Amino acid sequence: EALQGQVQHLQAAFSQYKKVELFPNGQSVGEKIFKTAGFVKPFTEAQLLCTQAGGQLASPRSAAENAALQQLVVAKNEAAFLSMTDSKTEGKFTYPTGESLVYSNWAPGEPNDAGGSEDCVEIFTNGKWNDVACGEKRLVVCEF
């Protein structure tokens, strides 16, 4: 009716503002959306910001998601924190849900738990991962 047109009109407008919102700090891959705050924070504060925002820290589950996330890191020239950690079971990195990694892109020699105190994960401009100290300041990127 006069309602099958007020929809496609609202979809077209939303389709438009969708792109506007993602530029320049956003990346959409599938039904997931990455957005960076633009600044760096320790893991716990970064995690708190993402969760209070209604999402969680970047959790790349595929090469495609990792690639999209990587482009935000490249644009900022700042390695970013991921949501995954091996705090509970050392050596075993898991998502917020507790399940083990279904995907990984570790840099050569990582993860190494250097100094026996690396339970967090960072992603570089080259897309590779490194387990790092949670106290370090890294780019804050959330997923929605």
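Residues carry their position along the shown sequence, with the first being 1.
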property: Of 110-118 and 41-49, the stretch whose C-alpha atoms average the higher B-factor in the entry; result: 110-118
property: Of 6-14 and 122-130, the one with larger mean CA B-factor; result: 6-14
property: Candidate set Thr94, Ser104, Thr36, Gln70 [ranked by C-alpha B-factor, highest]; result: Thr94
property: Chain-relative CA temperature factor third for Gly98; result: highest
property: Within-chain third of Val29 by Cα B-factor, per the entry; result: highest
